[PDB]
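Every residue, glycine among them, receives a Cβ derived from its backbone with ideal geometry; neighbour counts consider all protein chains shown. Read the figures in this text as sums done on the coordinates, not as results from a lab.
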Amino acid sequence: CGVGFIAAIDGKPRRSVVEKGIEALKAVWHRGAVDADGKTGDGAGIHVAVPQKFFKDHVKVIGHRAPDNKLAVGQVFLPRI
Amino acid sequence: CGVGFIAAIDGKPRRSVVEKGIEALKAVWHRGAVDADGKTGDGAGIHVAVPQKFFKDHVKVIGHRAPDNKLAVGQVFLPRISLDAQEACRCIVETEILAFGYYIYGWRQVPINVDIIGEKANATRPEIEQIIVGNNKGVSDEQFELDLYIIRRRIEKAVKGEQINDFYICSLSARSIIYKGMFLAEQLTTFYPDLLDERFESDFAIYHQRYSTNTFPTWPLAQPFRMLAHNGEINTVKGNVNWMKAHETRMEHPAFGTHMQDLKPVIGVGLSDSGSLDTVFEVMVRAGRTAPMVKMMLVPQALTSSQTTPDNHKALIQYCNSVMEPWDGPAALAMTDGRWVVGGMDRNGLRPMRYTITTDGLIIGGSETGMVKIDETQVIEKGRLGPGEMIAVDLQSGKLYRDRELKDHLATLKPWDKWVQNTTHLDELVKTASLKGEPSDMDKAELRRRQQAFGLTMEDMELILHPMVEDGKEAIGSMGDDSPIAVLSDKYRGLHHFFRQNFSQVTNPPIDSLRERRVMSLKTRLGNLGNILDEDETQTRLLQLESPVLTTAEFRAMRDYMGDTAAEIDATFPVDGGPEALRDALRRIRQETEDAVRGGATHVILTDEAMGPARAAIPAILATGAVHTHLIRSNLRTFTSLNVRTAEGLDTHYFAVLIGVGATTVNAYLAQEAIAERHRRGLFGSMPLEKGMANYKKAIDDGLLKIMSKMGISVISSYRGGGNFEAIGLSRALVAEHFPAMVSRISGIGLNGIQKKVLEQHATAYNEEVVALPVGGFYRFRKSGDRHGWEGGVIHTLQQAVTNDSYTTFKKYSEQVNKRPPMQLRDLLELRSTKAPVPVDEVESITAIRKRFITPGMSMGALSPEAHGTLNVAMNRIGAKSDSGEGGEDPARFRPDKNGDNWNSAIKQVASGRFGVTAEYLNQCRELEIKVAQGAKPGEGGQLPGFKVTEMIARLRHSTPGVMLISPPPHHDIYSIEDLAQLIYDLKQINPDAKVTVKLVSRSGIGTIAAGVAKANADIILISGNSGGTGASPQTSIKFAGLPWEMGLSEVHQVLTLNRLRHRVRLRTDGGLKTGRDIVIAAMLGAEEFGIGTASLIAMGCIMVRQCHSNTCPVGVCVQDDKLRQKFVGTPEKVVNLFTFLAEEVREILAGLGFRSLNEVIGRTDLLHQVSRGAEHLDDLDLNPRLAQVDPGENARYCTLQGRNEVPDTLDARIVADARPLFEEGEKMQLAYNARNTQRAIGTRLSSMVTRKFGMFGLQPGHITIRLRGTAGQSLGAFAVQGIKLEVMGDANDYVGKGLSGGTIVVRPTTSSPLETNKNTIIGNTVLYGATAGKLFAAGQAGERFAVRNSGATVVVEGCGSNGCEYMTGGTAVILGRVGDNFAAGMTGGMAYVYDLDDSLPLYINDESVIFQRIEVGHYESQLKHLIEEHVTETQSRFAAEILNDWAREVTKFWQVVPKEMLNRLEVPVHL
Ligand SMILES: Cc1cc2nc3c(=O)[nH]c(=O)nc-3n(C[C@H](O)[C@H](O)[C@H](O)COP(=O)(O)O)c2cc1C
Ligand code: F3S
């Protein structure tokens, strides 16, 4: 178990932010619940800023025209059965 | 699968009832689906009476005082994971029960045993408990039950309000209890040991087991429900739910009271068809009616216009049909009110139900007639249940009512005769309306400008409109649809092209509208809706129409009858409205209609006659959909009607969609105007305008009936407003906002695209000077019309590449065919991998890929014998498999020629007509095939013109030369999934080496059907598309039926991989495959084998003439005459080179991607992307639904098993182990055994052994004889050959003598039975289905559809049922008893003799294609005499012996039925 955050003071979006976030997540296993099957966790999550360039390049590859303002994305969990 | 009931006639409880119920459940395991686990089931249930002494002793043990009145017990399913939701549920139940004043005695945990349930069904097992509630207020029993029902409903609502999952109430009543679960049928008394008690005694019991189509068990979905038990499926649930939502807003009864407000949403969410039907049944029963009356009102009889029914029953049926919409579909029901116990059937009678009366006052009914053992010296009468029949038991009075007595007892409560007279008709009003007020026909210029505004070309009036008025039947096409889809088109396609129709796969049978037409009604009622819980005369005072479509005069007359109570609404929007004019117009009209219906108006007419050069017309479909949905959501549709005036209706598919959307009547005036304008120019000849209009209306009605019958709906009232279509190319939001219940897997255009299209067409039509209608290309290729898949240059270069044998021009062909703009859904996909390319020489060889291509089946009636033989030789040369299609095949081609070329076929088909199936035809193949529906005409049987059946095809199909042959749409063998499993078992028993293939048609929901068929031990699935070829079929079924094969392929693959079943079956596709790119894409979607079809026809000489139905094809591919067959130039080398180049190309593609085998690509959907057509079309097609990638887990993505799926062995195994001298020395054998209903297909493997050893006619009759004592199973003696003689003592279940091929079957009661042989049923339904030779002598009455599709068999029975001797072709049938309605329907050959003593044949026979007369020739007397003598000798009957005794006076009681086409072909004429 554990909570943490990383912030750039000036306001640079940069890769080292996500680098250090993932590195921090990779160093918490000692507090978590040690389990037998080795695969079932108890819940984990990360929260970051939306990479406009990624989704804009994706939409371009689809064939649309990338807008100028900020694009929005939503993540959904739908039924599976 | 199976439902049944047991009842004590006098009504005294006894343990034997529950004991026999358990015993009956213990003997149904053979119909269900076995599993490798051995513990996993799909649902079982029993329903009995409350053992008052048991719970009273329980209460005594606890320490309380035993009450006097009857106690109440409720059974509940609570959640099991959390321990807090249980407390909330208990608190809710206790605060709701104590709110009425009853006293709670306590809870009880039911003792169970979880050791026998499987692993998957144990993950969702709820916590089962019981609550004991007593009655202290001294209130009567009926008020007690009413209060319990109200309490249960309010509990359900309150628990729903808090969003608690896994909560159910199996039953809450002081009369009955229900034990149901997700275990095996035989393990019921082990899971619930309570039933093993000596104190559970009752006077009635119901038992049920089901057959699920998936592998996800939900405990609250097991049957029986509260006060119902259903077997089958209901076809009309999407329409009945909406009409329930409309009937809810006016129903109320003084019995409930204020609590009525707590009962409004009668049908909740998360129920099956039977669940909703049960809820409606219960809410209607609790209001005062009885079980027989509710059964009559929900699933009524077929109101036949015959004199075989008294008029009281007719008034009753009229009332019940007028008050409520029927719930059609295959349904065998066993329901039970608190007092009555009823068992009944549906309208058509598709499922079987047989009962038995014992001397102990015990009635036992079920699906099979041998489930409960009963000494034959203790029965009184055996019977059956026909269509619409019912049998009831009154427990309070202790009486038993059969059909007629119950009808006469029910027709005495209310005087319906004086009530039905309140109705009025329209024909009388049209007659009294004198011919005045004829309005002037519009101008020719006006007519042309109005027709151009909708895009009507001239071929739409020269090709598809001329036949309707000239003859009365639609046109006929002879090739598949190779035109682009509506959204991908660039011309003006009407909105009605986006909607594809529906049909019924193995889950439901289609209905034959040509022969079984007596059960189809097109009545319409205006002013019909009302309170469904009242009894008065105001419920039958209304206006009645005989058809939904109307002419101009009838519409005007109806308008004058309506008067000032009707309100007309414009349906036009300004051309100068702007970018959002259509949405504003829709809102305007949907508000005006709501404001008008509130102001007293009872009739809404949606007109658009104001269309001019300044106002564009709203597409009628959109308008009526919006209005109907807005009236439904506003609780107003129950008050008014909805009449539509359109200026587009020309075809039969328009009115179908308009009625399915919700319109009541539809008026098309532009069509009549164009008809009059074409008649006044002298084009129809000497026929008046009135006769042309009558023929046009008749054609429209027949087309509507045909479109309605592809699904199984027989009444228009339940089909209206159900949304029985699928939208392709329309946005999800639009169809979810405007249309009741339709699915659109891929989004499409919104309202802006539609507005652009309509404005463009309106401007083109009204802003320019039009001189004539364009030629237009939609059914034939034109340079100005639409584009086609098969153009001229493409066929030319393909024939060149195939003939000259050079790969370069084949590459040019592929380039030219994949350079065109997008036309199909597989054009928007883009192949993109991530690896490094590899050389082309190292991928798998061509033979290893050519061995994966198959040619589909093409009947010998459609194709010419030369082309079929050429294909069969060409496909057997490289190692691939061919297909013979329906219509049989030449037996002489069963051997290789001297040249080494084998004309045989590797895949034989089993169609619905069974035109050439025998015991030798099914032993000459490596893989069988079950054709459920064809890719071109889904939900219909193949056609063949009357001149295409030459003498060769006549002797090959065992048919009459020069008669049109139309196979029945259903199979009469596949009425449900367990029937399909039985048929697969039979096919796997008759051929011990072959595999069984099921062919399906792409549509929505095919995933569940494919998951269900995989459990039926099939191993090859074939998903066809909507663009497949055909021989002869209507144009509407070609253009407006089916879906692209991508949907079906992707959906079936995903569903199979989701249920851990993909590793058991193979997948195969066809339809529109031309190149190697399509093959790579299809293999990437999940297929493993591929079909080509029409391309091979082009490699042999086809030039896309589309005139195969006319027998005048120029090249000589699909012909039957000689002088054009001589022009044939086909060559097998052409097909070989085509397949070779096709494999070369896919090798090139695989090399370019980076893989080395097709096995590395199957299922890898992640290698596909969607590319847009640009930023100028603005079509929002989203293909992610077909790009979803489910992960298999451990198992592979394809079939990883060798050989077919094996099946258990029946009795025949022992026979093969005993009759060894028969095969080793060839001597006579006489065997005796005991038969049971758990042993299917007795005498089938032995038939295969005999056929392989000696042949079909190699042995003298009676060489090996077998004697069975006891009720035999299903499909007794199927596909028996000459030399085998089975003799049953007892009775047979069903499908007896199916596909007989020379054997001999004899069924008779046991020697010590006290039964009149000619008054009891002894065999089931579908006897001698598709037989070709043999004999059969029964000593009882047959079931329904007796002697269907007979070709050469001889049968003598002492009775028959409904629809008997249907579509017979040859043989002789003697019937010593009564027959049912519609006898001898569609008979085109043979002869029949009926022994009529009540002089009632002229009322039951179907005098359309046959003639019935008296015997007048001694030659035809000797035949009957010898047949009856042989019957007496074989079965030792006493009735037939009596008839043979008094022959002189009994010869004068026989009617002879002879077909009409066989009056001048017999050798001895029937006349003098
Ligand atoms: C001339 C012709 C006759 C056909 N006859 C039958 C038939 O008798 N039974 C059947 O199930 N399908 C029949 N079909 C349909 C094919 O089995 C297959 O579904 C179709 O040819 C696939 O279309 P495609 O060539 O465009 O891939 C026939 C097709 C054609 C063109
Ligand atoms: S389209 Fe048909 S009619 Fe002959 S030329 Fe081709 S097979």
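Of the GluC sites (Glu not before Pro) found in segment B:1094-1185, those in coil by DSSP whose Cβ has at most 11 other Cβ atoms within 10 Å are B:1176. How many angstrom lie between the C-alpha centres of segment B:217-257 and segment B:1220-1244? Cα centroid to Cα centroid, the span is 49 Å. Each principal axis of the Cα atoms in segment B:682-774 has its own extent, and those three values, largest first, are 52, 47, 17 angstrom. Seen from all directions on average, segment B:423-780 presents a Cα convex hull projection of 20.0 nm².
Only Cα sites of segment B:1204-1472 enter the Debye sum here, all with the same form factor; the resulting log10 I(q)/I(0) across q = 0.08, 0.10, 0.17 1/Å is -0.32, -0.50, -1.32, listed in q order. Along the charge dipole of chain B, pointing to its positive end and built from +1/-1 on Cβ of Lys, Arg, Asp and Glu, which listed residue (B:379, B:748, B:797) has its Cα farthest out? The residue sitting most towards the positive pole is B:797. Under the classification rounded if a/c is under 1.5, otherwise prolate if a/b is larger than b/c and oblate if not, where does segment B:1-422 fall, given a ≥ b ≥ c as square roots of the Cα gyration tensor eigenvalues? Cα axes put segment B:1-422 in the rounded bin. Shielding by partners for peptide B:945-951, expressed as the average number of C-beta atoms from other protein chains within 10 Å of each residue's C-beta, is 0.
Of B:1117, B:873, B:1250, B:1468, the sequence from fewest to most neighbouring Cβ atoms within 10 angstrom is B:1468, B:873, B:1250, B:1117. The value given for segment B:560-694 is a Kirkwood hydrodynamic radius of 16.3 Å, derived from the mean inverse Cα-Cα separation. Taking a ≥ b ≥ c as the square roots of the eigenvalues of the Cα gyration tensor, an a/c ratio of 1.5 or more together with a/b no larger than b/c marks chain A as oblate. Taking amide H as placed 1.01 Å from N in the peptide plane, the amide H of residue B:1271 sits under 5 Å from that of B:1291, each at least 5 places away or on another chain. Neighbouring Cβ atoms from other chains, within 10 Å of the Cβ of residues in A:55-66, number 2 on average.
Remark: for residue pairs B:523/B:706; B:757/B:819; B:1039/B:1127; B:70/B:180; B:931/B:1298; B:20/B:407, the C-alpha separation exceeds 25 Å in B:757/B:819; B:1039/B:1127; B:20/B:407.
For a 4.7 Å threshold on C-beta separation, the list of partnerless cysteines in the protein assembly as shown reads A:1, B:1, B:89, B:91, B:170, B:320, B:925, B:1102, B:1113, B:1199, B:1360, B:1365.
Which is the longest run of chain B containing none of the trypsin sites (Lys or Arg not before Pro) found in DSSP loop states (not H, G, I, E, B) with at most 10 other C-beta atoms within 10 Å?
On the way: sites that count: B:65, B:436, B:681, B:783, B:819, B:835, B:898, B:1123.
Longest site-free region, per DSSP loop and neighbour criteria: B:66-435.
When each of B:1069, B:602, B:960, B:1008 is scored by the number of other beta-carbon atoms lying within 10 Å, the sequence from fewest to most is B:602, B:1008, B:960, B:1069.
Would chain B count as rounded, prolate or oblate if I go by the C-alpha gyration tensor, calling it rounded below 1.5 in a/c and otherwise prolate when a/b exceeds b/c, oblate otherwise? Walk me through the numbers on the way to the answer.
Values: a/c = 1.34, a/b = 1.11, b/c = 1.21.
Rounded shape, in that the Cα axes give a/c under 1.5.
Distance from the C-alpha centroid of segment B:1085-1122 to that of segment B:1248-1273: 42 Å, rounded to the whole angstrom. The phi-based Karplus calculation (6.51 cos²θ - 1.76 cosθ + 1.60; θ = phi - 60°) puts the 3J(HN,Hα) values of segment B:1218-1229 at 10, 7, 6, x, 5, 8, 9, 9, x, 10, 5, 9 Hz, whole numbers, x for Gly and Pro. As a length-normalised measure over Cα pairs under 8 Å and 6 or more apart, the relative contact order of segment B:318-465 settles at 18 percent.
How would you order B:184-191, B:503-510 from highest to lowest mean count of nearby Cβ atoms within 10 Å? It would help to have the intermediate numbers written out before the result.
On the way: B:184-191: 20.8, B:503-510: 23.5.
Descending packing order for the listed peptides: B:503-510, B:184-191.
Can you tell me the relative contact order of chain B? Whole percent, Cα pairs under 8 Å, sequence separation 6 or more.
Working: 3095 pairs, mean separation 123.9, N = 1472.
Relative contact order, chain B: 8 percent.
Taking the fewest neighbouring Cβ atoms within 10 Å as the starting point, the ordered list for B:438, B:537 is B:438, B:537.
Work out, in µm²/s and without decimals, the Stokes-Einstein translational diffusion coefficient of segment B:781-1203 at 20 °C, 1.002 mPa s, Rh from Kirkwood over C-alpha pairs. Could you put the intermediate results ahead of the total?
Details: Rh = 22.4 Å.
Translational diffusion coefficient: 96 µm²/s.
Annotation for segment A:25-73 versus segment B:382-408: alpha-carbon center distance of 67 Å.
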